[PDB]
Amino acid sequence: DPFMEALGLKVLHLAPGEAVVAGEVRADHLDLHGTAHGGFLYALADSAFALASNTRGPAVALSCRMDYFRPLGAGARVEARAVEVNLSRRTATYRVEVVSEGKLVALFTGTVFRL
């Protein structure tokens, strides 16, 4: 995955219906506030979401939600843990918890269309 690699993300866990992607907030991931850009944290969660969902077969995202709980400073290590919430014949939904220092710093919810 080009974008994943470009962001320095690594797959730490992969299994049917699940995946964990980890990354560090680098200097090129900060925003106007000096903290982790919302797009970086989303990209992280979305990547885990893409991996987990596609273990069930080709799937494309339809709708995703991202809830942010605490701004992260440069150097933070973040992990996105994707778990399967629902698996239908044409769609599937996953929950992705974004964790840093053992606490949930963001919550991602996404649904895909199964090809």
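Throughout, we count residues from 1 along the sequence that is shown.
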Mean Cα B-factor comparison, 76 to 84 or 61 to 69, giving the higher one as deposited: 76 to 84
Going by the entry, of stretches 40 to 48 and 24 to 32 the one with greater average Cα B-factor is 24 to 32
CA B-factor placement of residue 4, once the chain's modelled residues are sorted into thirds: middle
So, residue 15's CA B-factor, relative to its chain, sits in which third? The highest
